[PDB]
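Take a look at the structure tokens below, where one protein chain is shown in two forms, each on its own, as structure 1 and structure 2.
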Structure 1
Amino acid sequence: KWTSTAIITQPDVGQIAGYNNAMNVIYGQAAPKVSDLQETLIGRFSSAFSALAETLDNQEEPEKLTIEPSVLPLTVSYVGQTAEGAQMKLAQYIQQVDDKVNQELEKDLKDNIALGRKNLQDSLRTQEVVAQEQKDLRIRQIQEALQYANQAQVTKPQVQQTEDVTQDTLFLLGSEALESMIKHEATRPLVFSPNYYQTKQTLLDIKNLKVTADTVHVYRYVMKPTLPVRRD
């Protein structure tokens, strides 16, 4: 005959900043908005908590632990034999559910990150295969221009303006430069796209993410466990 009671709610954004941020480095636009994130944390603690209460009943001698909307804050309650009491125990549990929910979120996050990392590396790899194809096409275009250059007898550059050169205009660079570009084909750097660099960027941000105990939080107190005055 001694109930201790506390009131909990969604974690604050500052307390979740780093998680939200990590969810952004990994998912970019896809990452959840922060409010949905919060609603998902508390809601996950709630679930683990009821389950604990069910685990609590299934004992040689059952203990009584409650969870239900404060009306949307939530209200939890433990029934004790002494005043403080139902406290300590309640406190001891909030902390427990907190811990099992964290450990699990952190492990999931880290799994997330490693898979991202691995998918990013692969994106980089396949993107290079494409860029490599583009260079190869370029060398072919140059090989063709060399034929137009020789036949038009253009050996030295005829073009007095920078800009892009295209298949029909490469010959203006003249046979001497075009031969050099073919001879040195192997050492022509690949040209990588903006999307390629984004991939790298993200891969750098991902590798940087550090998961610690301060990373995620699941709930915040609006009232810590109470020491009840009037038993039952």
Structure 2
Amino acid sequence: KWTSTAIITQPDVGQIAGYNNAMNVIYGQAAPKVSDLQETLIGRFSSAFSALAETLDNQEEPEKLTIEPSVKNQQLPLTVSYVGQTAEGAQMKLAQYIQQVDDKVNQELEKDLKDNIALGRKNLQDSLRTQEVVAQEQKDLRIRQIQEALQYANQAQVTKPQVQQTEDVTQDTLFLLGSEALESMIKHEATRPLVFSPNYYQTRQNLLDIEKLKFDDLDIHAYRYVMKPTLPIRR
């Protein structure tokens, strides 16, 4: 029997640059810290590796595949080993299993990214919705204010404007525009498109940018090699 060992750890910032750049488009200032993404990716690799190790052992011809921390009081790196029938085999078989686990995690991350895109899209559409509700409630308040001013202008018998149309009118001074013009305003303000702040148009643009994201455009790795599978020794 022959033992090949390798040392794996979380992927580099450069390896996850794209994945990190996608999470920033989806969540913005709420995007996970680059270090948190690295921990999640190696967590998912470690998970799938343990499942392979437990399955390889539960066979008619069991295969010993291991995973343990390389350093005593440290979470990472991880030492992964395989026991093969030949020296060529133990080393290749360990390298194949590491690649097999990576391919499974890559399929999992593709699904996870789609779920993250959906949540981000939901958060942005919900933002557009509340902003639309406040724009509509603001428009209705203005109409409501002109309708009350029209009542004052009717009692004060103000038909023609007294004020030379001020862009800064108020609930109190509105009646000075006269019945005539206030009736016209209750029409114009009712058909007036909703007024949004730039944040609305930015949220709109953030939503289009999420649509522009692709999984294929990101070469995402769930691990990094510290040491590649070693040439085995007789054991």
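Between two forms, the rigid core is the largest collection of C-alphas that superpose within 1.5 Å. Residues that one form lacks are left out of the comparison. Residue numbering: structure 1 sequence, from 1.
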Would you say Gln141 moves its Cα by 2 Å or more between structures 1 and 2, aligning on the core?
yes
Taking the rigid core as the frame, does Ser35 move its C-alpha by 2 Å or more between structures 1 and 2?
no
After a rigid core superposition, would you say the CA of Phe45 moves by 2 angstroms or more between structures 1 and 2, or not?
no
State the core-superposed CA shift for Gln160 between structures 1 and 2, in Å to one decimal.
10.0
I need the CA movement of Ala131 between structures 1 and 2 once the rigid core is aligned, reported in Å.
4.1
Look at the Cα of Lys107 between structures 1 and 2 with the rigid core superposed and state its shift in Å.
2.3
After a core superposition, which runs of 3 or more consecutive residues shift by at least 2 Å in C-alpha position between structures 1 and 2?
110-192
